[PDB]
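A.B. asks: The structure follows.
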Amino acid sequence: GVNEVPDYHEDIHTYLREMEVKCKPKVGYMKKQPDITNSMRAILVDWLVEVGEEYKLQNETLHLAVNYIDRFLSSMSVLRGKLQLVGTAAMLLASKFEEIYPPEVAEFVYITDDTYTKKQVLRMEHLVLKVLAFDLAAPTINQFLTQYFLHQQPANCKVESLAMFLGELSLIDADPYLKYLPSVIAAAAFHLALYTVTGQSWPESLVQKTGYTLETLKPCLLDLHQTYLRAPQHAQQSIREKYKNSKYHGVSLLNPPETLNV
Amino acid sequence: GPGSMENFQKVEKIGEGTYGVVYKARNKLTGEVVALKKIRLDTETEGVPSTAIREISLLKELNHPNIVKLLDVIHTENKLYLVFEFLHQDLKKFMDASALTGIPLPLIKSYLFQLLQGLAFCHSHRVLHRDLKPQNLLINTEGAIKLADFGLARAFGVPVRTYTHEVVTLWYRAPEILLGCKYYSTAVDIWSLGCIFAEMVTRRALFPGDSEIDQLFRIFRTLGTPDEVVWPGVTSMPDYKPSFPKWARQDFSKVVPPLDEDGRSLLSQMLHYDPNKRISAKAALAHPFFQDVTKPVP
Ligand SMILES: O=c1cc(Br)ccn1CCO
Ligand SMILES: O=c1cc(Br)ccn1CCO
């Protein structure tokens, strides 16, 4: 019905496809950052995952924040001591954009363990807004996922949750996910989830919608499949902890497939 | 961005929201008349307001002839200036001051047709307006009308999630919001436009309630109290009560007597109880009511 916006879903998908390209971070920016590394970024994102669950924020908010951060670090060089300040302001902006009830600024100061002042958080807020030129309505993995989900016959909540989980895992690791668009990671994540839970494969209807095939998804899929296998070993564990929860059907306890068969 | 306050000459104050004041101003270099919305941050303890973050980010993306244009944003440390295209009037002032003996049917038709184009463009770009009312529709001297005030607007996902409740000025608010529904969608904007359509014909609000429950009752007394047949799920809705009086649907020619058959049809499809059956902006553009549409000036 109207909740799935029959008359606009295609227009919207097409628009999101054009926007994800505009909102894309620079693939190679971490090499151009003198003082920070993929590893430090992973620590930040893992922390923002914990912040999101402590304040019971939407997953969309988490995804937006990571988008803001990566775009910011694409043109602005940041000392390791200030990385958290960027992340905090990102999360604040994303909260004000997507949340009904965003946490107050003071709560954002609080979670930084008084590493930063409210003035520093607010001034960084302004800086991020300047650097992004207010361009905050960014397509996320989630925005594509929810559309792809409409193609399950029938809906399977384990599939949905597992896809969300895999997509979130991809936020942690700039290498190699910075090089894939949200629409493509979402596709890879949906197929892996679907295959893992039901044995089924990326449906023809989504091939029609997206123009993507298992052929075109294969690179990303291979990376996502590795990320899923080694997730119990990753240094960052907050997403796995969150997906043990019943809200998400405890999908982090599901076992990864050992092979994909193409 | 590409601009500084030095180049504007303030002319008069044209408005005032809860964010601050709007002035009509003039670009001293180009000649352009603009509206400056000032948003004060220095006074702000919570940094840049979410209302402004949404308005700017969403309006940056919406270039359409029936959506007011955000021309620029001047971003000081103490103040934020939104530069907008200037339009002389809103539809509310127009209906009150010059439409004393009515808006002619050609102009009603032109206005509704433009509003649907604007709204269709919003929905196609995953934006809900959530405050369509005559005060927020701006008219120029050329006969254009444009959706304005995107401070209550929202970027949606497909399918939609639960968003803020009690959105939309009460008289323009859809039953599905009034009944506390978990989810609402593009249909809430169509309802508002339906109310506005009627309001352009009569020059008076269609459902001027003084509380949530009075709004519902005035709607029910006009369209009939909905049941499972007209609106599957209604009786399950969180703020549906079985004790609701059961009013008969009045024939639609009595709701807006001056309206013709095509008009009545279009109106009925905008005010359908069931958000799933309610007509979309995109579909409504094809309705026979518009068969002879032109763009007359006020
Ligand atoms: O100091 C911090 C804090 C967070 Br949270 C993330 C990254 N860094 C850089 C050094 O690890
Ligand atoms: O308040 C005004 C007035 C004019 Br005229 C144009 C834009 N705005 C801001 C809301 O759109």
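FYI, nothing fancy with the structure tokens labels: chains A, B, ... in order, residues from 1 per chain, ligands from 1 as they appear.
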Return the neighbours of chain B among the residues of chain A, cut-off 9 Å, counting only C-alpha atoms, as a PyMOL selection string.
C.D. replies: chain A and resi 1-5+7-12+15-16+93+95-101+104-106+121-123+125-126+129-130+133-137+142-144+146-147+150
A.B. asks: Create the file for the chosen residues now, containing C-alpha atoms and written as a short mmCIF file (atom, residue, chain, number, x, y, z; two decimals), in the first residue's frame.
C.D. replies:
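again_4.cif was written with the following content:
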```cif
data_model
loop_
_atom_site.label_atom_id
_atom_site.label_comp_id
_atom_site.auth_asym_id
_atom_site.auth_seq_id
_atom_site.Cartn_x
_atom_site.Cartn_y
_atom_site.Cartn_z
CA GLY A 1 0.00 0.00 0.00
CA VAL A 2 0.92 3.66 0.40
CA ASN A 3 3.52 2.77 3.11
CA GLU A 4 5.55 1.19 0.29
CA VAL A 5 4.71 4.23 -1.95
CA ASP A 7 3.56 5.45 -7.22
CA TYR A 8 7.06 6.76 -6.25
CA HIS A 9 9.32 3.80 -5.31
CA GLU A 10 11.00 3.72 -8.77
CA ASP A 11 11.51 7.50 -8.97
CA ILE A 12 12.95 7.31 -5.46
CA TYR A 15 17.06 9.38 -7.43
CA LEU A 16 18.92 7.53 -4.63
CA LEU A 93 23.88 16.06 13.01
CA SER A 95 20.42 12.46 15.08
CA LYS A 96 18.89 15.92 14.40
CA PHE A 97 18.21 14.84 10.81
CA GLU A 98 16.63 11.40 11.34
CA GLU A 99 15.50 11.10 14.97
CA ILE A 100 12.08 12.03 16.34
CA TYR A 101 13.81 12.61 19.72
CA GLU A 104 20.67 16.69 23.59
CA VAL A 105 24.08 18.18 22.91
CA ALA A 106 25.07 17.66 26.56
CA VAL A 121 31.11 19.92 19.82
CA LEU A 122 28.98 22.84 18.60
CA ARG A 123 31.84 24.46 16.65
CA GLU A 125 28.90 20.78 14.19
CA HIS A 126 29.21 24.06 12.23
CA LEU A 129 27.86 21.58 8.03
CA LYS A 130 30.23 23.93 6.12
CA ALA A 133 27.50 22.30 2.43
CA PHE A 134 24.41 21.07 4.34
CA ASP A 135 24.18 18.14 1.93
CA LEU A 136 22.85 15.71 4.59
CA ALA A 137 20.07 13.68 2.85
CA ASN A 142 19.61 0.83 4.79
CA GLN A 143 17.58 2.87 2.31
CA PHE A 144 18.36 0.36 -0.44
CA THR A 146 14.45 -1.81 2.88
CA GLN A 147 13.47 -1.57 -0.82
CA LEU A 150 9.99 -5.84 -0.64
#
```
A.B. asks: Tell me which protein, DNA and RNA residues are within 12 Å of region 223-234 of chain A, counting only C-alpha atoms, leaving out same-chain ones fewer than 4 positions away, and put them as number ranges by chain.
C.D. replies: A: 39, 42-43, 46, 162-163, 165-180, 184-193, 195-196, 217-219, 238-241, 251-262
A.B. asks: Keeping N, CA and C atoms, export the residues of the selection given above as a compact mmCIF listing (two decimals), in the first residue's frame.
C.D. replies:
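Listing of selection15.txt after writing:
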```
# COMPACT_ATOMS: atom_id res chain seq x y z
N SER A 39 42.32 1.59 10.93
CA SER A 39 42.18 0.96 12.23
C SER A 39 41.52 1.92 13.23
N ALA A 42 37.93 2.36 12.40
CA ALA A 42 37.12 1.21 12.77
C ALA A 42 36.74 1.34 14.24
N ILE A 43 37.71 1.79 15.07
CA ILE A 43 37.48 2.03 16.48
C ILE A 43 36.36 3.07 16.66
N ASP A 46 32.87 1.58 15.55
CA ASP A 46 32.46 0.61 16.55
C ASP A 46 31.90 1.34 17.77
N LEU A 162 19.61 -10.24 9.20
CA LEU A 162 20.95 -10.67 8.82
C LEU A 162 21.53 -9.70 7.80
N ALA A 163 20.71 -9.26 6.83
CA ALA A 163 21.15 -8.29 5.83
C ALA A 163 21.59 -6.98 6.48
N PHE A 165 22.71 -6.62 9.48
CA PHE A 165 23.90 -6.91 10.26
C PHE A 165 25.13 -6.82 9.38
N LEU A 166 25.07 -7.48 8.22
CA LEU A 166 26.17 -7.58 7.28
C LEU A 166 26.51 -6.20 6.75
N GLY A 167 25.48 -5.44 6.35
CA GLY A 167 25.61 -4.05 5.98
C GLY A 167 26.29 -3.20 7.05
N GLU A 168 25.97 -3.44 8.32
CA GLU A 168 26.58 -2.66 9.39
C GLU A 168 28.05 -3.02 9.55
N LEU A 169 28.37 -4.32 9.40
CA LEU A 169 29.74 -4.77 9.50
C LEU A 169 30.62 -4.02 8.50
N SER A 170 30.07 -3.70 7.32
CA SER A 170 30.79 -3.05 6.23
C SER A 170 31.18 -1.61 6.60
N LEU A 171 30.40 -0.93 7.45
CA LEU A 171 30.75 0.40 7.93
C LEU A 171 32.10 0.42 8.65
N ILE A 172 32.50 -0.71 9.26
CA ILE A 172 33.67 -0.72 10.14
C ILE A 172 34.97 -0.58 9.34
N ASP A 173 35.00 -1.16 8.14
CA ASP A 173 36.22 -1.46 7.40
C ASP A 173 36.27 -0.64 6.11
N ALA A 174 36.91 0.53 6.17
CA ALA A 174 37.06 1.37 4.96
C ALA A 174 37.67 0.54 3.84
N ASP A 175 38.66 -0.29 4.17
CA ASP A 175 39.20 -1.24 3.17
C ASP A 175 38.58 -2.59 3.49
N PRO A 176 37.68 -3.12 2.64
CA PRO A 176 37.51 -2.60 1.30
C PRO A 176 36.22 -1.93 0.91
N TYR A 177 35.38 -1.55 1.87
CA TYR A 177 34.01 -1.09 1.52
C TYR A 177 33.95 0.35 1.04
N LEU A 178 34.98 1.16 1.25
CA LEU A 178 34.86 2.50 0.70
C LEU A 178 34.69 2.48 -0.82
N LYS A 179 35.03 1.36 -1.47
CA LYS A 179 35.10 1.37 -2.93
C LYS A 179 33.78 0.91 -3.55
N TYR A 180 32.82 0.54 -2.70
CA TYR A 180 31.51 0.10 -3.13
C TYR A 180 30.47 1.11 -2.67
N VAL A 184 25.23 -1.30 -3.75
CA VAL A 184 25.92 -2.53 -4.11
C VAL A 184 26.23 -3.37 -2.87
N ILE A 185 26.73 -2.73 -1.80
CA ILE A 185 26.88 -3.44 -0.53
C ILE A 185 25.54 -3.98 -0.02
N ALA A 186 24.48 -3.18 -0.19
CA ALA A 186 23.14 -3.59 0.20
C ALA A 186 22.73 -4.84 -0.59
N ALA A 187 23.04 -4.88 -1.89
CA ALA A 187 22.69 -5.99 -2.74
C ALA A 187 23.46 -7.22 -2.28
N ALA A 188 24.78 -7.06 -2.11
CA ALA A 188 25.61 -8.17 -1.66
C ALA A 188 25.09 -8.73 -0.33
N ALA A 189 24.79 -7.82 0.61
CA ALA A 189 24.30 -8.18 1.93
C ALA A 189 22.95 -8.90 1.85
N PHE A 190 22.07 -8.45 0.95
CA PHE A 190 20.75 -9.07 0.83
C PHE A 190 20.88 -10.50 0.31
N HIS A 191 21.71 -10.71 -0.72
CA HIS A 191 21.91 -12.03 -1.29
C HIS A 191 22.56 -12.96 -0.28
N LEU A 192 23.56 -12.46 0.44
CA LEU A 192 24.25 -13.32 1.39
C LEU A 192 23.25 -13.74 2.47
N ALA A 193 22.49 -12.78 3.00
CA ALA A 193 21.49 -13.05 4.02
C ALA A 193 20.49 -14.10 3.56
N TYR A 195 20.75 -16.23 1.00
CA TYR A 195 21.42 -17.50 0.76
C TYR A 195 21.66 -18.22 2.09
N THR A 196 22.21 -17.51 3.09
CA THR A 196 22.51 -18.07 4.41
C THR A 196 21.27 -18.67 5.06
N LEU A 217 27.75 -8.07 -8.69
CA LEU A 217 27.88 -8.07 -7.24
C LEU A 217 29.07 -8.89 -6.73
N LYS A 218 29.65 -9.77 -7.56
CA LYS A 218 30.61 -10.80 -7.15
C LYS A 218 31.78 -10.24 -6.33
N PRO A 219 32.53 -9.22 -6.80
CA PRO A 219 33.63 -8.66 -6.00
C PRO A 219 33.24 -8.35 -4.55
N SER A 238 31.25 -4.74 18.58
CA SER A 238 30.03 -4.13 19.08
C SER A 238 28.83 -4.46 18.20
N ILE A 239 29.04 -4.65 16.89
CA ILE A 239 27.90 -4.96 16.03
C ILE A 239 27.41 -6.39 16.31
N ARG A 240 28.35 -7.33 16.47
CA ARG A 240 27.99 -8.70 16.79
C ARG A 240 27.20 -8.77 18.10
N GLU A 241 27.61 -7.98 19.11
CA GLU A 241 26.92 -7.94 20.40
C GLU A 241 25.48 -7.45 20.24
N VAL A 251 20.58 -12.68 14.98
CA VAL A 251 21.11 -13.17 13.72
C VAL A 251 22.64 -13.30 13.75
N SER A 252 23.32 -12.65 14.71
CA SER A 252 24.77 -12.74 14.82
C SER A 252 25.20 -14.13 15.28
N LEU A 253 24.26 -14.92 15.82
CA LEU A 253 24.54 -16.28 16.27
C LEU A 253 24.39 -17.29 15.12
N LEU A 254 23.70 -16.88 14.04
CA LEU A 254 23.58 -17.72 12.85
C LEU A 254 24.98 -18.03 12.36
N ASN A 255 25.14 -19.17 11.67
CA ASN A 255 26.46 -19.56 11.18
C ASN A 255 26.63 -19.14 9.73
N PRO A 256 27.75 -18.47 9.38
CA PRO A 256 28.04 -18.15 7.98
C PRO A 256 28.14 -19.40 7.09
N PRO A 257 27.74 -19.32 5.80
CA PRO A 257 27.95 -20.44 4.86
C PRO A 257 29.45 -20.53 4.59
N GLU A 258 29.96 -21.75 4.44
CA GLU A 258 31.38 -21.97 4.21
C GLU A 258 31.76 -21.63 2.76
N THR A 259 30.80 -21.75 1.81
CA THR A 259 30.98 -21.43 0.39
C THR A 259 29.71 -20.80 -0.20
N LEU A 260 29.87 -20.09 -1.33
CA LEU A 260 28.78 -19.38 -1.99
C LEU A 260 28.31 -20.09 -3.27
N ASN A 261 29.16 -20.95 -3.81
CA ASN A 261 28.82 -21.60 -5.11
C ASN A 261 28.51 -20.47 -6.09
N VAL A 262 29.52 -19.65 -6.41
CA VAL A 262 29.35 -18.51 -7.35
C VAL A 262 28.56 -17.39 -6.65
```
A.B. asks: I'd like the neighbourhood of residue 183 (chain A) as number ranges by chain, where a residue qualifies if any of its atoms comes within 8 Å (using only C-alpha atoms), though same-chain residues fewer than 4 positions away should be ignored.
C.D. replies: A: 17, 20, 140-141, 144-145, 187
A.B. asks: Would you pick out the contacts of residue 111 (chain A) at 10 Å or less, using only C-alpha atoms, so that residues sharing its chain but fewer than 2 positions from it are not included, and give the list as a VMD selection string?
C.D. replies: chain A and resid 47 51 54 88 106 to 109 113 to 116
A.B. asks: Sorted by chain and rising residue number, list the residues of chain A at most 10 Å from ligand 1 (counting only C-alpha atoms and all ligand atoms), each with its closest atom pair and distance in Å to one decimal, as a tab-separated table.
C.D. replies:
```
residue	atom	partner	partner_atom_place_in_ligand_line	distance
A:35	CA	ligand 1	9 (C)	9.2
A:36	CA	ligand 1	9 (C)	7.1
A:37	CA	ligand 1	9 (C)	8.6
A:38	CA	ligand 1	7 (C)	9.8
A:39	CA	ligand 1	11 (O)	7.8
A:40	CA	ligand 1	7 (C)	4.6
A:41	CA	ligand 1	7 (C)	6.1
A:42	CA	ligand 1	6 (C)	7.6
A:43	CA	ligand 1	6 (C)	5.0
A:44	CA	ligand 1	6 (C)	3.9
A:45	CA	ligand 1	5 (Br)	7.7
A:46	CA	ligand 1	5 (Br)	8.0
A:47	CA	ligand 1	5 (Br)	5.5
A:48	CA	ligand 1	5 (Br)	7.7
A:79	CA	ligand 1	9 (C)	8.4
A:80	CA	ligand 1	9 (C)	4.6
A:81	CA	ligand 1	1 (O)	5.5
A:82	CA	ligand 1	1 (O)	7.4
A:83	CA	ligand 1	7 (C)	5.7
A:84	CA	ligand 1	4 (C)	4.9
A:85	CA	ligand 1	5 (Br)	8.7
A:86	CA	ligand 1	6 (C)	9.8
A:87	CA	ligand 1	5 (Br)	7.9
A:88	CA	ligand 1	5 (Br)	8.8
A:111	CA	ligand 1	5 (Br)	9.7
A:112	CA	ligand 1	5 (Br)	7.8
A:115	CA	ligand 1	3 (C)	9.6
```
A.B. asks: Could you list the protein, DNA and RNA residues that have any atom within 6 Å of ligand 2, counting only C-alpha atoms and all ligand atoms, and write them as number ranges by chain?
C.D. replies: B: 22, 35, 84-87, 148-149
A.B. asks: Those selected residues, please, written with N, CA and C atoms and delivered as a compact mmCIF listing (two decimals), in the first residue's frame.
C.D. replies:
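What landed in out05.txt:
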```txt
# COMPACT_ATOMS: atom_id res chain seq x y z
N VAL B 22 11.50 37.08 8.92
CA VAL B 22 11.81 37.11 7.51
C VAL B 22 11.68 38.54 6.99
N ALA B 35 13.72 36.91 -0.18
CA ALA B 35 13.29 36.86 1.21
C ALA B 35 14.46 36.33 2.03
N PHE B 84 15.93 33.16 0.06
CA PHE B 84 14.88 32.54 -0.73
C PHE B 84 14.45 33.47 -1.86
N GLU B 85 14.02 32.88 -2.97
CA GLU B 85 13.19 33.55 -3.95
C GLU B 85 12.04 34.27 -3.23
N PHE B 86 11.75 35.50 -3.66
CA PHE B 86 10.68 36.28 -3.07
C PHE B 86 9.40 36.16 -3.90
N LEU B 87 8.27 35.94 -3.21
CA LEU B 87 6.94 35.95 -3.80
C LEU B 87 6.05 36.85 -2.95
N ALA B 148 5.92 26.16 0.17
CA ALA B 148 6.92 26.84 0.98
C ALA B 148 6.87 26.25 2.39
N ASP B 149 7.90 26.59 3.16
CA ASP B 149 8.09 26.28 4.57
C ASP B 149 8.28 24.78 4.78
```
A.B. asks: Tell me, as a ChimeraX atom specification, which residues lie within 12 Å of residue 194 (chain B), counting only C-alpha atoms; anything in the same chain fewer than 2 positions away does not count.
C.D. replies: /B:112,115-116,132-134,171-174,187-192,196-201,205-207,256,263-273,278-281,284
A.B. asks: Now that the selection is made, can you save its residues with C-alpha atoms as a compact mmCIF listing (two decimals), in the first residue's frame?
C.D. replies:
```txt
# COMPACT_ATOMS: atom_id res chain seq x y z
CA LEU B 112 -4.37 23.01 -7.62
CA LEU B 115 0.41 22.36 -6.17
CA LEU B 116 0.12 18.73 -7.36
CA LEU B 132 0.47 21.94 3.65
CA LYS B 133 -1.92 24.81 4.40
CA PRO B 134 -2.77 28.11 2.62
CA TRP B 171 -7.35 21.60 10.33
CA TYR B 172 -5.24 19.99 7.54
CA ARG B 173 -4.33 16.78 9.39
CA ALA B 174 -5.27 13.38 7.96
CA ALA B 187 -1.20 10.31 1.54
CA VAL B 188 -1.04 12.78 4.47
CA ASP B 189 0.11 15.52 2.03
CA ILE B 190 -2.74 14.68 -0.36
CA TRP B 191 -5.29 15.04 2.43
CA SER B 192 -3.96 18.52 3.17
CA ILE B 196 -7.03 23.27 0.58
CA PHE B 197 -8.91 22.47 -2.69
CA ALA B 198 -12.23 22.70 -0.85
CA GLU B 199 -11.01 25.83 0.96
CA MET B 200 -10.22 27.58 -2.35
CA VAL B 201 -13.82 26.96 -3.52
CA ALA B 205 -11.64 25.76 6.16
CA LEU B 206 -13.32 22.39 5.48
CA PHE B 207 -12.68 20.90 8.95
CA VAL B 256 -18.99 21.72 -1.69
CA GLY B 263 -14.24 18.63 -9.16
CA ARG B 264 -16.30 16.47 -6.80
CA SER B 265 -14.64 13.32 -8.10
CA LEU B 266 -11.14 14.69 -7.63
CA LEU B 267 -11.97 15.99 -4.15
CA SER B 268 -13.50 12.65 -3.08
CA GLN B 269 -10.35 10.83 -4.18
CA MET B 270 -8.14 13.24 -2.18
CA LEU B 271 -10.31 12.76 0.95
CA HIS B 272 -10.57 8.97 0.81
CA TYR B 273 -10.36 7.51 4.31
CA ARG B 278 -6.32 7.95 -1.64
CA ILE B 279 -5.19 9.37 -4.98
CA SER B 280 -1.49 10.23 -5.51
CA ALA B 281 -0.24 13.62 -6.74
CA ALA B 284 -4.24 13.35 -9.85
```
A.B. asks: Quick one: residues within 7 Å of region 287-298 of chain B, only C-alpha atoms counted, chain neighbours fewer than 5 positions away excluded, as a ChimeraX atom specification?
C.D. replies: /B:106-107,109-110,141-143,262-263,266
A.B. asks: Can you list, as a count of residues only, every protein, DNA or RNA residue that comes within 12 Å of residue 30 (chain B) when you count only C-alpha atoms, leaving out same-chain residues fewer than 3 positions away?
C.D. replies: 8
A.B. asks: As JSON, numbers by chain, list the residues of region 67-247 of chain B assigned to strand (DSSP E) by DSSP on the backbone atoms of this structure.
C.D. replies: {"B": [70, 71, 72, 73, 74, 75, 79, 80, 81, 82, 83, 84, 85, 89, 90, 127, 128, 137, 138, 139, 145, 146, 147, 154, 155]}
A.B. asks: May I have the residues from that selection written out with C-alpha atoms, as a PDB file, in the first residue's frame?
C.D. replies:
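Resulting contents of out18.pdb:
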```
ATOM      1  CA  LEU B  70      16.667  28.182  -1.596  1.00  0.00           C
ATOM      2  CA  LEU B  71      19.081  30.543  -3.365  1.00  0.00           C
ATOM      3  CA  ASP B  72      21.816  30.587  -0.731  1.00  0.00           C
ATOM      4  CA  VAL B  73      22.799  30.057   2.900  1.00  0.00           C
ATOM      5  CA  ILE B  74      24.991  32.653   4.660  1.00  0.00           C
ATOM      6  CA  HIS B  75      26.707  30.925   7.538  1.00  0.00           C
ATOM      7  CA  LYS B  79      23.729  33.732  12.630  1.00  0.00           C
ATOM      8  CA  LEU B  80      22.327  31.708   9.752  1.00  0.00           C
ATOM      9  CA  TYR B  81      20.691  33.415   6.750  1.00  0.00           C
ATOM     10  CA  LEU B  82      18.511  31.473   4.326  1.00  0.00           C
ATOM     11  CA  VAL B  83      18.138  33.424   1.041  1.00  0.00           C
ATOM     12  CA  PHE B  84      14.882  32.540  -0.735  1.00  0.00           C
ATOM     13  CA  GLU B  85      13.186  33.555  -3.947  1.00  0.00           C
ATOM     14  CA  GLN B  89       1.730  36.864  -1.171  1.00  0.00           C
ATOM     15  CA  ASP B  90       0.432  33.587   0.365  1.00  0.00           C
ATOM     16  CA  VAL B 127      10.292  14.200   0.916  1.00  0.00           C
ATOM     17  CA  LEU B 128       7.038  14.553   2.924  1.00  0.00           C
ATOM     18  CA  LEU B 137       1.617  28.323  -0.307  1.00  0.00           C
ATOM     19  CA  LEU B 138       3.179  31.402  -1.965  1.00  0.00           C
ATOM     20  CA  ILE B 139       1.813  33.131  -5.088  1.00  0.00           C
ATOM     21  CA  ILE B 145       1.974  29.091  -6.698  1.00  0.00           C
ATOM     22  CA  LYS B 146       4.716  27.327  -4.754  1.00  0.00           C
ATOM     23  CA  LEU B 147       5.052  25.011  -1.753  1.00  0.00           C
ATOM     24  CA  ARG B 154      11.102  14.842   6.362  1.00  0.00           C
ATOM     25  CA  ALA B 155      13.161  12.564   4.172  1.00  0.00           C
TER      26      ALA B 155
END
```
A.B. asks: Can you work out the spacing between CA of residue 223 (chain B) and CA of residue 253 (chain B) in Å, to one decimal?
C.D. replies: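 Interatomic distance, CA of residue 223 (chain B) to CA of residue 253 (chain B): 11.6 Å.
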